[PDB]
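Starting off, we have a lone chain in the form deposited in one PDB entry, written out as structure tokens.
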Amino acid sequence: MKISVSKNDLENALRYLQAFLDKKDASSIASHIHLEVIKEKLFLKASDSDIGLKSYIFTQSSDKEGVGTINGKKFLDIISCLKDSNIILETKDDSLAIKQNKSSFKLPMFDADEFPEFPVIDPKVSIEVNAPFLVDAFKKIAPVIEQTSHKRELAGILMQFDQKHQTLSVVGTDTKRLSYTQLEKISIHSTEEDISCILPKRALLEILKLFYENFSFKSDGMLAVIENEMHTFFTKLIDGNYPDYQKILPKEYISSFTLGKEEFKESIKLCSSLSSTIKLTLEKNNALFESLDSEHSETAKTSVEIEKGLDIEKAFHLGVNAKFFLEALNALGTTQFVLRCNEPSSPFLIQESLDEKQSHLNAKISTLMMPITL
């Protein structure tokens, strides 16, 4: 191989690749990036049985095509220390030479055949994502999912496609809260009417770094492959039977309250200075907040006026987990929210104000949460 490339193009590609390297043992090919120069592109890949990324940059010049490997961390550390002007990469046996005016480096290459082949699938489902709504869903639902969950299928996000009705339902839960959205009018191409994919949390986080809009999502029910102009990503899927989220959602709610999002955030954060759980009291024209699990001589209280009166007689009391309630608020796009309740001992819902209205470049995420007793 012998090429010249743009310093900034190469730095960028390498930063994205760092997440897919096992960097600690530099002696192992798991710390290296595979390189391949073909027809005016440098392809760079790092991969695994269960997750991987392939990218390319255009070569400024390309003189010798072929393949090789290089330690990814060291490569990125060298290139980040050079000026913003072309870099020459050239093999010299089982070594890669890096050159930029007076600065020169040599790093060892490993056998390129030891690199795992980058997998390709025959898709059973596919979509073109032309707007940010899916990543928006991903980002808003991610905090409810535990990556190190000892329960296998909850350690990822559900994507549930309905070809019939052109919907993609997206769901996360950790058993204490469950956040979901149903995306409308998605042109789904599928060999099945209804198909489901559970994506590991770790892949979800990597997707949020790589993709925003204008990408394809394709799955064979075993791997998902996500692709845009410069990147191909893949992940193993989690093995299956995601819980029936539809069965767990309440059918109706005794009470529905429209409440101020930012005033509830500030009030909850304030009380959480001394407690992880809060007693919320709703009256007609007031919301009161009190630390609940505080140490017994430590107390935080606040309140907020509700100008447009709630439909309450006396007072409804609800124990909440502060962090979870805030995360539910953080996932909302509106200035107000709706809190839907049944008994104080049963799960309650948090959603956007006017949640039926249809929005094209944002998802609308609802959260069901289990209350704290008392």
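Note that residue numbering begins at 1 and tracks the sequence as displayed. Between two forms, the rigid core is defined as the largest C-alpha subset superposing within 1.5 Å.
We do not show the form deposited in another entry, though everything after this point is about it.
Lining up the core between the shown form and the other one shows that one residue from 239, 262, 84, 93 moves its Cα 2 Å or more, and that residue is 84. Comparing the forms between the shown form and the other one, the C-alpha position of residue 335 differs by less than 2 angstroms, with the core used for superposition. The Cα shift for residue 175 between the shown form and the other one, taken after rigid core superposition, is smaller than 2 angstroms. Once both forms are fitted on their core, the CA shift for residue 251 between the shown form and the other one remains under 2 Å.
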